[PDB]
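Trainee: here we go, the starting part of the complex in its complex frame:
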Amino acid sequence: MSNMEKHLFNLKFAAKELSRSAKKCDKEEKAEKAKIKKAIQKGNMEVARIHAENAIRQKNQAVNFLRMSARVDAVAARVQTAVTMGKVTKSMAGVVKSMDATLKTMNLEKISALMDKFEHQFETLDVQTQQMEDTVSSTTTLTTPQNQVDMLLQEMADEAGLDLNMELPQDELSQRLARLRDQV
Amino acid sequence: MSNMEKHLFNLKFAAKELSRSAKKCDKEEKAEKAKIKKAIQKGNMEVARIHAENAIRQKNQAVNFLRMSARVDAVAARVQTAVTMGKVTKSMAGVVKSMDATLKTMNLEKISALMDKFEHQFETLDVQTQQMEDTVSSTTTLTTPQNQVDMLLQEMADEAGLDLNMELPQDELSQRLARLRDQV
């Protein structure tokens, strides 16, 4: 509970306290009006005037409590805007300072370098897996003869109705630009 | 909970707090409008004006809370992009450094060697299993006479309708290239 949060709490409460006072005054206007009727019936005109004065007083008091409640509510609304924007300003100031740190220890030139390296290292890993696969391929070469694989593909293609020959080997812009590179 | 995660949490919460404030203001516009009607019916025009002023205030306050919620949400979205890309950058920097290590202790020349060796060693194992099998074959030679195996194969082929003779022994490009190697 901050200092301004404590004040906000107190102001919100004062506004409710005033609103309750206006309700109590409205309830007692009704109760005093009921007593004027009873006094008029009994011909007690002095007691009737005492209740009439109470009823008019309670009426007018309620309008005052109600209006001050409106005022204290407006203030409390404004103090809420100050409490929240103060919190947001503090959090932004914190984001600004933590990013000022991080962007120093990892500036753009250093990211440039890290990214370049990441790229180049995965190129070496691709070179590495190719030569592992090539080695397994030759190690197990007699377990997969070329001609047997080609014939199984042809059989499976014929059964599928695919018009292709599997023993044989199987853009224009690139060819145009190649010809330009020759012609220059 | 990182420093920026703490800030993100606070900003996401401030945005919700503001959104709730706009809902409360909308609810109280409706409640104050209801009181204007009751006051007009009773001819309390001073109380009617107090509620009218509250209703218009609560209306306009809600638009302010709503708009500030939108702003704080936008900020929190951006801080989320910073929190996540900071995590990704850290993980990439870690991948880059661990691969820098591994590619040193197992460079391409050393993989070259390991693969060559793997290949050559399984060639010796193939030489070894051939000579084990040859030895078992001769050890048990009188339990499998050639002529008996040939006759059983012929019997099984005849029963299957296969037109083949089992006692007798059973590409063009290779023969062409062989002839080229002779002719040169």
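Mentor: Perfect, I can see it now. Numbers count the residues shown, from 1 in each chain, chains lettered A, B, ... in the order given.

Trainee: which residues does residue A:118 contact?
Mentor: By CB atoms under 8 Å, 6 or more residues apart in numbering or on different chains, the contact set of residue A:118 is B:92, B:95, B:96. In short, each C-beta sits where N, CA and C put it, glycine included.

Trainee: hmm, try it at 10 Å
Mentor: B:92, B:93, B:95, B:96, B:99, B:100 (CB atoms under 10 Å, 6 or more residues apart in numbering or on different chains).

Trainee: for the first one, give me its contacts.
Mentor: With CB under 10 Å, 6+ apart as the criterion, the residues that contact residue B:92 are A:111, A:114, A:115, A:117, A:118.

Trainee: give the buried residues for the helix or strand harbouring residue A:133.
Mentor: Using DSSP states H and E, residue A:133 falls within helix A:108-139. Buried residues in helix A:108-139, defined by neighbour count with 16 or more other CB atoms under 10 Å in any protein chain shown: A:114, A:117, A:121, A:128, A:135, A:139.

Trainee: looking at those, which is nearest residue B:41?
Mentor: Proximity of the buried residues of helix A:108-139 to residue B:41 (CB to CB) peaks at residue A:114, which lies at 74.3 Å.

Trainee: what does the very next helix or strand once past the helix holding residue A:133 rub up against?
Mentor: Following helix A:108-139 in sequence order, the next helix or strand is helix A:146-160 (DSSP H and E). The contact list for helix A:146-160, computed with CB under 10 Å, 6+ apart, reads A:145, A:162, A:163, A:164, A:165, A:166, A:167, A:168, B:171.

Trainee: check what contacts whichever helix or strand comes after helix A:146-160 and list those residues.
Mentor: As assigned by DSSP H and E, the chain's next helix or strand after helix A:146-160 is helix A:172-183. By CB under 10 Å, 6+ apart, the list of residues contacting helix A:172-183 from outside is empty.

Trainee: just how off-centre is helix A:172-183 within its chain?
Mentor: On the basis of CA atoms, centre = their mean, to the nearest Å, helix A:172-183 sits 52 Å off its chain's mean C-alpha point.

Trainee: can you pull the contacts of the residue nearest to the spatial centre of chain A?
Mentor: Closest to where the C-alpha atoms of chain A average out (CA atoms, centre = their mean) is residue A:88, at 14.7 Å. Applying CB under 10 Å, 6+ apart to residue A:88 gives the contacts B:10, B:11, B:14, B:15, B:17, B:18, B:68, B:71, B:72, B:75, B:76.

Trainee: another chain to add, chain C:
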Amino acid sequence: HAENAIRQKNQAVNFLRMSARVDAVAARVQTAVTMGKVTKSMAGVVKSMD
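Mentor: Now chain C, sitting on the chains shown earlier:
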């Protein structure tokens, strides 16, 4: 609300595209994790057969 709707729309395309990028990276790191394991096991087979 119109400004929020257009903001949330455009934010989602950004989150989605960065997810695609981080996924691609993670796919590549999976190829490095597995081929590292295979390379270690082959190196072990090579030495035990030696």
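
Trainee: now that chain C has been added, could you go back to the contacts of helix A:146-160?
Mentor: With CB under 10 Å, 6+ apart as the test, helix A:146-160 has contacts from A:145, A:162, A:163, A:164, A:165, A:166, A:167, A:168, B:171.

Trainee: out of the residues you listed, who has the most neighbours?
Mentor: Highest neighbour count within the contacts of helix A:146-160: residue A:166, with 16 neighbours (other CB atoms under 10 Å in any protein chain shown).

Trainee: and it, what are its phi and psi?
Mentor: phi -100, psi -10 (degrees, to the nearest 10).

Trainee: identify the spatial nearest neighbour of it, chain neighbours not counted.
Mentor: Using CB to CB, 6 or more residues apart in numbering or on different chains and skipping residues adjacent in sequence, the residue nearest residue A:166 is residue A:153, 3.9 Å away.

Trainee: now the one you found: how far from residue A:159?
Mentor: From residue A:153 over to residue A:159 the distance is 11 Å, taken as CB to CB, to the nearest Å.

Trainee: tell me which of the two has more neighbours.
Mentor: More neighbours surround residue A:153 than the other of residue A:153 and residue A:159, with 15 against 8 (other CB under 10 Å).

Trainee: gap between the helix or strand hosting the residue nearest to the centre of chain A and the chain center?
Mentor: Element membership for residue A:88, per DSSP H and E: helix A:45-105. In terms of CA atoms, centre = their mean, the centre of helix A:45-105 is set 28 Å apart from its chain centre.

Trainee: how about the residues of chain A by chain C?
Mentor: A:118, A:121, A:122, A:125, A:126, A:128, A:129, A:132, A:133, A:135, A:136 (CB under 10 Å from any CB of the partner chain).

Trainee: from residue B:86, how far out is the closest residue to the second one other than its chain neighbours?
Mentor: If I follow you right, that is residue A:121. Excluding the flanking residues, the one nearest residue A:121 by CB to CB, 6+ apart is residue B:99, at 4.9 Å. With distances taken as CB to CB, residue B:99 is found 21 Å from residue B:86.

Trainee: cool, and residue A:126?
Mentor: 28 Å.

Trainee: which residues touch residue A:136?
Mentor: B:115, B:118, B:119, C:38, C:42.

Trainee: which residue packs closest to the first one, ignoring adjacent ones?
Mentor: The one in question is residue B:115. residue A:135 (4.0 Å).

Trainee: pretty sure that neighbour sits against residue B:114.
Mentor: Yes - the pair residue A:135 and residue B:114 passes the contact test of CB atoms under 10 Å, sitting 9.0 Å apart.

Trainee: put chain D on too:
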Amino acid sequence: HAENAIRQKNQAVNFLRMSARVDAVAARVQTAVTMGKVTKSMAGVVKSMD
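Mentor: Chain D, in position alongside the others:
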């Protein structure tokens, strides 16, 4: 999504092909594990009969 779909397609062909390679190796290491056991047992039979 089109870029993700084409990436996931092409990644699967790579995973599948490397699985084939690692399987082939594992088949060969199985031949070495078993013939090593047989060679040991024969060497034992030879020495007990001697």
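
Trainee: back to the buried residues of helix A:108-139, now that we've got chain D?
Mentor: Per 16+ other CB under 10 Å, helix A:108-139 contains these buried residues: A:114, A:117-118, A:121-122, A:125, A:128-129, A:132-133, A:135-136, A:139.

Trainee: got the residues of chain A near chain D?
Mentor: A:129, A:132, A:133, A:134, A:135, A:136, A:137, A:139, A:140, A:143, A:144.

Trainee: residue A:44: how many residues sit nearby?
Mentor: Neighbours of residue A:44 using other CB under 10 Å come to 14.

Trainee: surely it is in contact with residue A:50?
Mentor: Yes - counting by CB under 10 Å, residue A:44 does reach residue A:50; the two are 9.3 Å apart.

Trainee: find residues that contact each of those two.
Mentor: Joint contacts of residue A:44 and residue A:50 (CB under 10 Å, 6+ apart) are residue A:35.

Trainee: quick check, the residue in chain A closest to chain B?
Mentor: Closest residue of chain A to chain B, CB to the nearest CB: residue A:135 (4.0 Å).

Trainee: for that residue, give me its contacts.
Mentor: Contacts of residue A:135 (CB under 10 Å, 6+ apart): B:111, B:112, B:114, B:115, B:116, B:117, B:118, B:119, C:42, D:21, D:25.

Trainee: please name the nearest non-neighbouring residue to the first one.
Mentor: Take residue B:111 and drop its neighbours on the chain: the residue closest to it by CB to CB, 6+ apart is residue A:128, 5.7 Å away.

Trainee: next: the second one.
Mentor: Leaving aside its chain neighbours, residue B:112 sits nearest to residue A:131 (6.8 Å; criterion: CB to CB, 6+ apart).

Trainee: tell me how far the one you found lies from chain D.
Mentor: Look at residue A:131 and chain D: by CB to the nearest CB, to the nearest Å, they are 12 Å apart.

Trainee: and residue A:93, by the same measure?
Mentor: 39 Å.

Trainee: same question for residue A:175.
Mentor: 24 Å.

Trainee: that residue - how many residues pack around it?
Mentor: Using other CB under 10 Å, residue A:175 has 9 other residues around it.

Trainee: what do you get for residue A:40?
Mentor: 14.

Trainee: please give me every residue in contact with it.
Mentor: So residue A:40 contacts A:47, A:48, A:51, A:52 (CB under 10 Å, 6+ apart).

Trainee: and for residue A:19, the neighbour number?
Mentor: So residue A:19, with other CB under 10 Å, has 16 neighbours.

Trainee: which residue is the nearest non-sequential neighbour of it?
Mentor: residue A:69 is the one closest to residue A:19 (CB to CB, 6+ apart), at 4.5 Å.
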